[PDB]
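Let me begin by presenting the structure, written as C-alpha cells, before commenting on it.
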Amino acid sequence: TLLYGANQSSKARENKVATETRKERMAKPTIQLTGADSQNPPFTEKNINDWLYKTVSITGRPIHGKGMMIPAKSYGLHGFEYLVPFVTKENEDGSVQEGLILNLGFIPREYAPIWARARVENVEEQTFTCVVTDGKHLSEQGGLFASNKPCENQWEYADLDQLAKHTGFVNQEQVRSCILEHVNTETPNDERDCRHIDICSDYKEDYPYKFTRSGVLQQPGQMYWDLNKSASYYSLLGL
Amino acid sequence: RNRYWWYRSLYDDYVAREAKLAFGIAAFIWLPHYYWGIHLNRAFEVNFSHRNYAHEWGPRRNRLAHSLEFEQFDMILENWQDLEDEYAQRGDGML
Amino acid sequence: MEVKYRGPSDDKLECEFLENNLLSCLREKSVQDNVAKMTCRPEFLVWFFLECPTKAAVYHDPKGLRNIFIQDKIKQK
Amino acid sequence: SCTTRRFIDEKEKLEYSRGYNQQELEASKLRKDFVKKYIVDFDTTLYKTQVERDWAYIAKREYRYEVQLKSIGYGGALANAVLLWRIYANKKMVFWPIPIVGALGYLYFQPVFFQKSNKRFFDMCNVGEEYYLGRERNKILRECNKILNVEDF
Amino acid sequence: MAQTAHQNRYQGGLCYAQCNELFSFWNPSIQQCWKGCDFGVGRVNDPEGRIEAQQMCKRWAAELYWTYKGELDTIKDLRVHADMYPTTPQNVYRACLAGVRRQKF
Amino acid sequence: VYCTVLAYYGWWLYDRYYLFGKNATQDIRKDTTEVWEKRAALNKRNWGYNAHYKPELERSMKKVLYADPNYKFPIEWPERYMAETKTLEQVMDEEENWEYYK
Amino acid sequence: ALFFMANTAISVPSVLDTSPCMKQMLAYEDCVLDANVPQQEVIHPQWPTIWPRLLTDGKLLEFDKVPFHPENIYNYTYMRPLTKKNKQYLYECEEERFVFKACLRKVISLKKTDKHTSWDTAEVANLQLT
Amino acid sequence: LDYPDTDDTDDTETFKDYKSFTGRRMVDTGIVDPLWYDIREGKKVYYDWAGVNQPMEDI
C-alpha cells in the first residue's frame with residue numbers, strides 16, 4: 001500500500017513534467033503542410049520525437065467510409081473517438097494510397113454508424129489543424145479481457161499497427177508512428193480548462209467534436225491530481 | 001363500517017383477506033411510477049413554456065437581429081458620408 | 001422550432017456578392033437615393049453582417065473603410 | 001436541456017477533481033455566501049416581483065435536489081455502511097448509527113456538494129439588474145470578477 | 001360565452017338576465033349583449049364612462065367583422081328586435097349597445 | 001332521504017335555469033347601492049380598448065404629450081380596425097392639409 | 001378527471017426574455033403604432049437612412065415590385081411618401097427611437113474577448129434551466 | 001450477366017460506375033456499400049461475403 005502510494009506519487013510528478021513539456025510544445029505556432037509537403041509529411045517513426053504533440057496544419061482527404069470508432073467516454077457520454085484514414089497522396093486509379101490516421105474527435109454512440117447521420121460526408125481535399133500525438137492513452141485503455149476485432153470495425157483500444165493495416169496505406173511505418181488529433185488552437189493552453197472538446201453546454205457544434213488544446217493534454221483518469229489523490233488514499237489505507 | 005355487509009357484498013364471495021393484504025404492498029409499488037410521472041409532467045410543462053415563448057418572442061428576436069444589422073450599416077454609412085464630405089473638400093488629392 | 005447551427009460562411013463568392021451589394025447601398029444612400037437607378041437591396045445588407053465577419057470588421061475599421069472608399073472612387077472614376 | 005445539465009454536472013465533477021486554487025476558493029466562498037443567504041436563508045416567496053420569486057424558487061429547488069437531497073443520500077449511505085458494521089459486530093439490530101452518523105454524513109457532504117455546484121446556483125440568480133436579487137448577484141459577480149481577473153455572465 | 005367574462009351566465013347577474021330576455025333563445029346576439037354588460041360595469045354611471053363603453057362596443061364590432069370607417073356612425077336605427085342576429089358589424093354594435101344600456105351599477 | 005335530496009337538487013337546477021331573471025333581481029336587492037358600486041369598481045376592466053402606448057421612459061416626449069388633455073391621436077381607437085372608405089388622393093390631401101394642435 | 005395527472009408542475013415559470021434591447025424595441029414599436037403610419041418600413045428605427053425616399057417622394061423601388069396595380073388605397077404603401085401628419089406623429093416618437101438606436105449601437109460595440117471564461121456555460125446565467 | 005437485358009440488369013454499367021471517380025468517392029463517403037460482384041470473362045461472379053447464390057447457367 002505504501003509502495004503503491006509512492007509509485008502513484010512518482011507517476012504524478014512524471015505526468016506533471018510531461019504535461020508541462022506538452023504545453024510548451026503546443027504553445028508554438030502551427031506548422032503549415034500544404035502542397036507537396038502534405039503528400040510527404042515530415043512525420044516518421046524515427047523523427048516522431050521532434051514532432052510529437054506538435055501543432056501542424058495539413059491538407060488531405062479523409063476517408064469516412066473506413067472510419068474506426070475507438071470506444072471512449074466524454075463528459076458522461078459513452079461514444080467513440082472517430083479515427084479516419086487521412087489520404088495525403090494517391091495515384092489516379094486510387095489503388096495505391098498513402099497517408100496518416102486522423103482523430104476527428106468525439107462522436108456520440110448514436111451517430112457512429114454512417115447510416116445514422118443526416119449528412120453525406122465530405123471526402124474531398126480539406127485542411128485540418130491537428131496536433132501530432134503518439135496516441136498513448138487510446139492504446140492503453142482496453143484493459144484486461146478486451147481485444148480488438150479488425151476485418152470488421154470492432155475496436156477496444158487504438159492498436160497502431162492494426163489501425164495502420166486497416167488503413168491499407170503503403171507507408172505503413174509512418175502511419176504506425178503517430179496519429180493527428182483534430183484540435184482547436186483558439187483555446188486556453190492550460191490543462192485545468194475543464195473543456196476538453198470544442199463544444200458549448202448546449203452542444204450546438206456538429207459531431208464529431210474536435211479537441212481543445214486542454215483536451216490533447218488530458219490523459220483520462222491519469223492526470224497528476226488523480227494520481228496524487230490515489231497516493232493519499234493508499235497512504236491512509238496503509239497507515 | 002359493517003363487516004358483515006362488506007364481507008359478502010361482492011357476489012357473496014369472500015376476498016377480504018386478499019383485499020386487506022393488498023393495501024400494504026400497493027402502498028409502495030406506485031412510487032416509481034409516481035416519481036417518473038412527476039418528471040414527465042415537468043417535461044411537458046417545460047415544452048409548453050417553450051412553445052409559448054417561441055410563438056410569442058420568436059418573431060420579435062428576428063426583428064431585433066434585423067435592426068442590429070441595419071444599425072451596423074448605419075454606422076458604416078455615417079463613416080462613409082464623412083469620407084464623402086472629405087472627398088468633396090479634397091477633389092482629387094484624397095485619392 | 002428545431003433550428004440547427006451553422007457558423008458564418010465567409011465564402012469568397014458569397015461575401016463578394018454581399019460586399020458588392022453593400023457598396024451599392026452605401027453609394028446610393030450616401031446621396032439619399034438621388035441616383036437615376038437604385039440597385040441597392042437592403043435585405044442582403046443584413047446577410048452581409050451575418051456571414052462575412054472579416055469584411056464587416058474591415059468595414060468598421062476606419063483605415064480599412066478609407067481604403068475601400070478610395071478604391072471605389074477610383075473604380076467609379 | 002438534458003445535454004446542458006449533463007455537461008454542467010460533468011464539468012463541475014472535473015473541476016472538483018482537479019482542485020480549486022486559492023482565488024478560485026475565495027470567489028467560490030463569496031458565491032456560496034450569497035447563494036446561501038439569499039436563497040436558503042430567505043423565503044423566496046417574499047420578493048417583490050414575480051420574476052424574482054419564480055427564479056429564486058427554481059434556484060432553491062436546484063439546491064434542494066443537487067445539495068440537500070444528494071447530501072442526505074450520501075450521508076444515509078455512510079450511515080447504512082456504519083449500521084451494517086454495527087449490526088454485524090453486535091449480532092443484533094441497532095438504531096444509533098442512523099441518526100448520529102446520518103447527521104455527520106450530511107454535515108460532511110453538504111459543503112462538498114455546495115462547493116461543487118456553487119457557480120450553478122450563483123448563475124441561476126441572474127434575473128437582471130432591474131431586480132434586487134439581480135443587483136445583489138451582480139455586485140457579488142463584480143467582486144468575483146475582480147478576484148479572478150476574468151469576466152463572467 | 002367564450003368571448004365573455006364569466007364561466008356561466010348566472011354570474012353575470014341582472015344584466016345577463018335582461019340580455020336573455022331581449023333576444024330569442026336561439027339568437028346568438030345574447031352573447032354580444034353580454035359583452036355590453038362587461039363593458040359598462042364601472043362606466044355606466046360615470047357620464048363619460050358611458051361614452052367610453054359605447055366606444056368599446058364600436059371597437060368590439062370593428063374587431064369581430066370587417067368594417068368601414070363611417071359605417072357604424074351612419075346607422076339610422078339603433079333599436080334591436082328579438083330576431084336580430086350578429087351577421088353584420090351593425091348588428092354586433094347594436095347588441096353590444098343594448099347590453100350596455102341594461103347594466104345597472 | 002337520498003331521493004329527497006336528489007329531488008331538491010334537481011328542482012334547484014330547474015329553478016336556476018328557468019327563473020334566472022327573478023333570481024338575479026332578488027340578488028341585486030340584497031345589497032345597498034354603495035356595495036354594488038364598490039363591486040362594479042373592482043370589476044372594471046379596459047378589455048383591450050384604447051390600449052395605446054404608455055410611456056415608461058422618463059424623457060419620452062409622448063409622456064408629456066399624453067399628460068396634455070388636449071392631445072389628439074391621429075385616429076380614434078375604434079377606427080384603427082376599420083377599412084378606409086375614401087380614395088387615396090383624398091387621404092393624402094387631408095393629411096397634407098392637416099395641422100397640429102398647440 | 002379531478003386528479004388524474006396526480007401532479008401539476010407549477011414551479012416551472014414562463015421563459016424569461018433576456019434579449020439585449022427587446023424592451024426598447026417594443027417601446028419604439030408601440031410608439032410607431034400610435035403614429036398610425038401606412039408605411040411598414042418605419043418599424044425599423046433606421047428608416048430615414050435605409051429608405052430616405054420616405055421623406056422626399058416615397059419611391060422605394062425602381063419599378064421592381066409585385067403588389068398588384070394601383071386600383072385600391074391599400075396598394076404601393078411603401079411607394080407613398082410620409083405626409084405632414086405622419087411626419088409629426090413620428091417625430092413624437094423621437095426619444096424612444098434614439099434610445100433604441102443607442103441600445104443597438106452599444107450592443108454592437110460589445111465584442112467577445114478572451115476574459116469570458118464562462119462562455120461555454122452561459123446557458124445557466126441566461127436562465128435556461130427550469 | 002446482363003440478363004435478360006441491360007435495361008433490367010445493368011451489371012456492366014454498375015461495374016463501370018463503381019470503378020470510376022464518382023463511384024470510388026461515393027464508396028469513400030461510406031453511404032454506398034462496396035461492389036458485390038466481379039465480371040470475370042463473361043460471367044458475373046458474386047463475392048462470398050455478398051450472401052447470395054451464384055447465377056444459374058444459361059442452358
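Each chain in the C-alpha cells gets a letter, A, B, ..., in the order shown, and its residues are numbered from 1; ligands are numbered from 1 in order too.
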
Using only C-alpha atoms, find the residues of chain D whose closest atom to chain A is at most 10 Å away, then write them as a compact mmCIF listing (two decimals) with C-alpha atoms, in the first residue's frame.
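Generated file (result.txt):
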# COMPACT_ATOMS: atom_id res chain seq x y z
CA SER D 1 -31.69 20.71 -21.68
CA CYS D 2 -30.51 17.24 -20.73
CA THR D 3 -27.25 17.76 -22.62
CA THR D 4 -26.68 21.12 -20.92
CA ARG D 5 -27.41 19.66 -17.49
CA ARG D 6 -25.11 16.68 -18.08
CA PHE D 7 -22.31 18.92 -19.35
CA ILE D 8 -22.66 21.19 -16.31
CA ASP D 9 -22.64 18.22 -13.93
CA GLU D 10 -19.60 16.57 -15.50
CA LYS D 11 -17.66 19.83 -15.80
CA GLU D 12 -18.34 20.50 -12.11
CA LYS D 13 -17.12 16.99 -11.28
CA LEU D 14 -13.92 17.55 -13.27
CA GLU D 15 -13.33 20.94 -11.63
CA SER D 17 -11.50 16.57 -9.06
CA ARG D 18 -8.59 18.70 -10.30
CA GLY D 19 -8.65 21.23 -7.45
CA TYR D 20 -9.82 24.75 -6.64

> Within 9 Å of residue 60 (chain E), counting only C-alpha atoms, which residues qualify if same-chain residues fewer than 4 places away don't, as a list in words?
Replying inline: residues 35, 55, 56, 64, 65, 89, 92, 93 and 96 of chain E; 49 and 78 of chain F

>> What's around residue 67 (chain E) at 8 Å? Count only C-alpha atoms, leave out sequence neighbours fewer than 2 positions away in its own chain, and write the answer as an NGL selection string.
In response: (:E and (62 or 65 or 69 or 71-72 or 89)) or (:F and (81-83))

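We find CA of residue 65 (chain A) and CA of residue 7 (chain C) to be spaced 25.7 Å apart.
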
>> If I take CA of residue 167 (chain A) and CA of residue 143 (chain A), how far is one from the other in Å, to one decimal?
In response: 23.9 Å

Produce a table with one row for each residue of chain A that has an atom at most 9 Å from any atom of chain C, each row naming the nearest atom pair and its distance in Å at one decimal; use only C-alpha atoms; arrange rows by chain and rising residue number; format as a tab-separated table.
residue	atom	partner	partner_atom	distance
A:204	CA	C:5	CA	6.1
A:205	CA	C:5	CA	6.9
A:206	CA	C:5	CA	7.9

Could you please take those selected residues and save C-alpha atoms as a PDB file, in the first residue's frame?
ATOM      1  CA  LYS A 204     -24.558  23.475 -30.627  1.00  0.00           C
ATOM      2  CA  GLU A 205     -21.478  22.283 -32.539  1.00  0.00           C
ATOM      3  CA  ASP A 206     -21.582  19.440 -35.074  1.00  0.00           C
TER       4      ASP A 206
END

>> What parts of chain D does DSSP call alpha helix (DSSP H)? I'd like the answer as a ChimeraX atom specification.
In response: /D:2-18,23-35,50-63,69-90,99-116,118-123,132-148

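Those residues that approach residue 55 (chain C) to within 8 Å, counting only C-alpha atoms, are residues 15, 19 and 59 of chain C; same-chain residues fewer than 4 positions away are not listed.
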
Could the residues in this selection be saved with N, CA, C and O atoms as a PDB file, in the first residue's frame?
ATOM      1  N   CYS C  15     -19.426  36.330 -50.105  1.00  0.00           N
ATOM      2  CA  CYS C  15     -19.048  37.593 -49.485  1.00  0.00           C
ATOM      3  C   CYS C  15     -18.731  38.658 -50.522  1.00  0.00           C
ATOM      4  O   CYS C  15     -18.961  39.839 -50.268  1.00  0.00           O
ATOM      5  N   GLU C  19     -20.694  42.063 -50.451  1.00  0.00           N
ATOM      6  CA  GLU C  19     -19.931  43.302 -50.386  1.00  0.00           C
ATOM      7  C   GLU C  19     -20.255  44.215 -51.559  1.00  0.00           C
ATOM      8  O   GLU C  19     -20.264  45.439 -51.410  1.00  0.00           O
ATOM      9  N   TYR C  59     -14.715  46.805 -42.729  1.00  0.00           N
ATOM     10  CA  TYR C  59     -15.516  47.998 -42.984  1.00  0.00           C
ATOM     11  C   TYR C  59     -15.670  48.859 -41.738  1.00  0.00           C
ATOM     12  O   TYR C  59     -15.714  50.089 -41.842  1.00  0.00           O
TER      13      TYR C  59
END

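As for CA of residue 151 (chain A) and CA of residue 69 (chain A), they are spaced 13.6 Å apart.
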
>> What's around region 16-22 of chain H at 9 Å? Count only C-alpha atoms, leave out sequence neighbours fewer than 6 positions away in its own chain, and write the answer as an NGL selection string.
In response: (:A and (92-94)) or (:H and (34-35))

Can those selected residues be exported to a file as a PDB file, in the first residue's frame so that it contains C-alpha atoms?
ATOM      1  CA  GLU A  92      -5.097   8.416 -60.295  1.00  0.00           C
ATOM      2  CA  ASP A  93      -6.565   4.906 -60.147  1.00  0.00           C
ATOM      3  CA  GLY A  94      -6.703   5.096 -56.346  1.00  0.00           C
TER       4      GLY A  94
ATOM      5  CA  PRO H  34     -18.884  -1.776 -51.947  1.00  0.00           C
ATOM      6  CA  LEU H  35     -19.384  -3.598 -55.221  1.00  0.00           C
TER       7      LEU H  35
END

> If we count only C-alpha atoms, which residues of chain B reach to within 12 Å of chain D? Please list them as a list in words.
Replying inline: residues 43, 46, 47 and 50 of chain B
